[PDB]
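A lone chain, given as C-alpha cells: the form deposited in one PDB entry.
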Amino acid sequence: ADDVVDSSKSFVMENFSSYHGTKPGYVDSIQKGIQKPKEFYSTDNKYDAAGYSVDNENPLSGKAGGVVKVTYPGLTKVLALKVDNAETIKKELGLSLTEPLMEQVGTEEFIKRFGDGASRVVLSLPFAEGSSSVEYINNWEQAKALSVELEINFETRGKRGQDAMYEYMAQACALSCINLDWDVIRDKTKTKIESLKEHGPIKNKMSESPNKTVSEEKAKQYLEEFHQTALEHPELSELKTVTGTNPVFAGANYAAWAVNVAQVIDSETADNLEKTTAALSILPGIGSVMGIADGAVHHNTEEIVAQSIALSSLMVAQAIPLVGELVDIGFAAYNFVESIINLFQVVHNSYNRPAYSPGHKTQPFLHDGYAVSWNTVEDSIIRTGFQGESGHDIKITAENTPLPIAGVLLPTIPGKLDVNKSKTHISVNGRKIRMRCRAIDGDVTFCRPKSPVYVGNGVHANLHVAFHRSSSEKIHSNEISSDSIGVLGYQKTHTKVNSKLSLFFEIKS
C-alpha cells in the first residue's frame, strides 16, 4: 500500500479537471462525451496534451487537432502511484490478481477503500523523465461522467504546417522563450528566395555550374563558392554578420548539409511532406542552418531565420543536379522549406522546455573528449547549516585515448567550508589514489592526484570530494564566488590553459 502509492501526491478535489489532446476530426465529436472506441488518458498540462494531437497517419508532419478540457463533477480522488507495473500494483493493494487494473479501479469496492468519500478514483503517474507534468489514467466507465470543453482547435486557425500547435506550446514560456511568428518567416523566406533567384552576381554564379552528376568534393567547393557569393546579397545582410565567426555556421557546413539533402531525396520523397521530414530528420549537421550551438539558439529573430532557410533552400536547389537523383528542382522551394520549418520548430520547442544544462544534476558535461557527471543528484548538493562532513562523487571518463586528469578546483570559505584533505581522493578502475590539496587563494583549493590519472575507453575514475564545515552557519550566496567544481583535464599551450570540466552544485539546508 504505502510502498506503491505516494500519499503526499494523492488528494481529493471538487471539479477535478485535466486535458486531452485530440487528433484531427475528433475535436467536435469528443465534446459530445468520452466514449471507448483499456484507459482514457489525460494530463494536468494542456501544452503536453497538444503534443499528442497530431494525425496518427502523418505523425511527423501531419495536422494537429486540438486540446479539450475534461472535468469530473462532484469529488474526485487522484491516486498517485510510485510504479507503473500492474501486477506489482495488484500484489500490494490486495486486489484480484486475475482482473485487469483499470477494471477494478472503476468498481465501488475500490472507490470506498481508496476514494476517501469521492465519487471516483483516477490514477496518477509521473508524465516523463525531465517533466514535472502528471499523467492521468481514467476508467472508461467513470470517464462517461466527464463534461468536455474546447480548450483550443488548431485547425480552425487556418495556419500552415504545425504552426498553430507550436505557437500554442510556446505560450508555456511566454535563455528566454523562443516565440517566433512563423507566418512572417514563411513570408520573408519566399520573398528572399525570389530576390536571390533574379539578381546580378548570384545569377552569374548559377551559370558557372557543372549542372551534371559530380563527386561530393567538387559539389562541395562550388557550393561553398555559391554560399559566399550569395551571402554578399543585401537580403542576407544580418545572416552574414551572425555566421562569420562560429565554425558551426560556416559555408562549408551549409554545403555539407545541402549535399546531404540532395543525396537522400528522390522523386517519391520530394512529392510527400511526411516522407521528406522522415528523411531529413535523421541527417546530421542541421544545427548549422538553425544557428544552434553551444547550448543556445543563436538564430532567434524572424529575419535571421528566414535568411538561413532561404540560403539553405537556394543551396539545395544547386546541389540537386550536382549530387541528387532528383530532376525536379521545385523541391528546394516547396517541401524542403516546409519540412525544415517543422524541424526548426521541434528543436526550438526543446530549448523552450525547462531542462538541466551539462554538469548540473546528473547531466554529463561533455568536453574535449571527456565526460564528467555527478554520480547522484544528492552529490551535486552541498548541504549547509551544520558542523561536520559530507562526500560528493563525480564520475569521469573519456571517449577513446588516455586523457589525463590534472586535478580539481574546489570552493572554500575562510572560516566555514573547507576541503577535507584526508577523505578527498580519486579512484581509477578501482585504484584508490590520494590527493595533495593546496589553496590557490582564500576561496579556491586545488587538489592534484598523488599518482598519474588517465581515463579513456575502458578506464574510468570516481572523484570523491569531501567537505568540512567548521560552524553551523549557513552558506549565503555571496560567500561562494563560483557555483561549479572544476575538474581539470590536459594542459595545452603561447599561454597555458587547462581543459575545464565543470560540475555545477546547489547550496541547500
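We number the residues from 1 along the sequence you see. Just so we're on the same page, rigid core means the largest C-alpha set that superposes within 1.5 Å between forms.
The protein also exists as the form deposited in another entry; that form is not presented, and the subsequent description refers to it.
Superposed on the core, the two forms differ at residue 379: its CA moves 2 Å or more between the shown form and the other one. Once you line up the core between the shown form and the other one, the Cα of residue 47 stays within less than 2 Å of where it was. A change of 3 Å or more separates the two forms for residue 358 and residue 129: their C-alpha atoms lie closer together in that other deposited form.
Relative to this form, the distance between the C-alpha atoms of residue 358 and residue 127 is reduced by at least 3 angstroms in that other deposited form.
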